[PDB]
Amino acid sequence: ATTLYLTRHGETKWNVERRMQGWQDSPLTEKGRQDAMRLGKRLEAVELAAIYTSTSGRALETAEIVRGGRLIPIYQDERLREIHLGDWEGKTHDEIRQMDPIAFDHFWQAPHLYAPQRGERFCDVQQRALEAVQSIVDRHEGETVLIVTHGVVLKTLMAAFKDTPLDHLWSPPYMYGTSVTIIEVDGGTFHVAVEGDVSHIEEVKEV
């Protein structure tokens, strides 16, 4: 019996510039910080035993803002990092479309067909993210925790929880920055209670 709150890091500069981050990082924007602040207020009444975040600066910064001085430990786990995008990190969609048009089309349109020479495939991410989630559950029996991670990671996790094949990874809803997803883990099963809720967000951006 464990309650898991899942969210995505707040908006960063590269998100706005449509530049893929992956393992590379960029600072949160004013809006990103404001959204994280709004999420922190929404969870001020939730009894969080701990907060897990990927090692990316954007994720850690979001976690700190949400914590906002509360006595809650933050643990970082490499298994929660965003998909490693090798050659595409730091580049805009147009720049990538000029580099590898076919692979880029697969990434968005036929996830199961995405097979980079350098970088992780969607299944690699799903496996490590689920392992991390499992380890978190195993360490927090009877507790509630927050996990701050990334867009692709969240999509692969929801696919696992909803028992959806990876070729349909990009099915709605869109996981906006600081969106709230709640997973109830009871009797060895993951139950999706809430998914991609953005009630606390003023202006929602598909970034």
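When you see a residue number, it is the position in the sequence shown, counting from 1.
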Item to check | Average Cα temperature factor in the PDB entry - higher stretch of 121-129, 83-91 | outcome: 83-91
Checklist outcome for this item: Of 38-46 vs 153-161, the stretch with the larger average CA B-factor in the entry is 38-46
Checklist entry - If you compare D138, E30, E61, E143, which has the highest Cα B-factor in the entry? => result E30
Checklist outcome for this item: Top Cα B-factor in this entry, restricted to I182, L166, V148, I65, sits on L166
Checklist entry - Thinking about Cα B factors across the chain, which third does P73 belong to? => result lowest
Item to check | Third assignment of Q21 from its chain's C-alpha B-factors | outcome: middle
Next on the checklist: Test of reading the entry: by CA B factor among the chain's modelled residues, which third contains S171?
Outcome noted: highest
Checklist outcome for this item: Sorting the chain's modelled residues by C-alpha B-factor and splitting them into thirds places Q109 in the middle
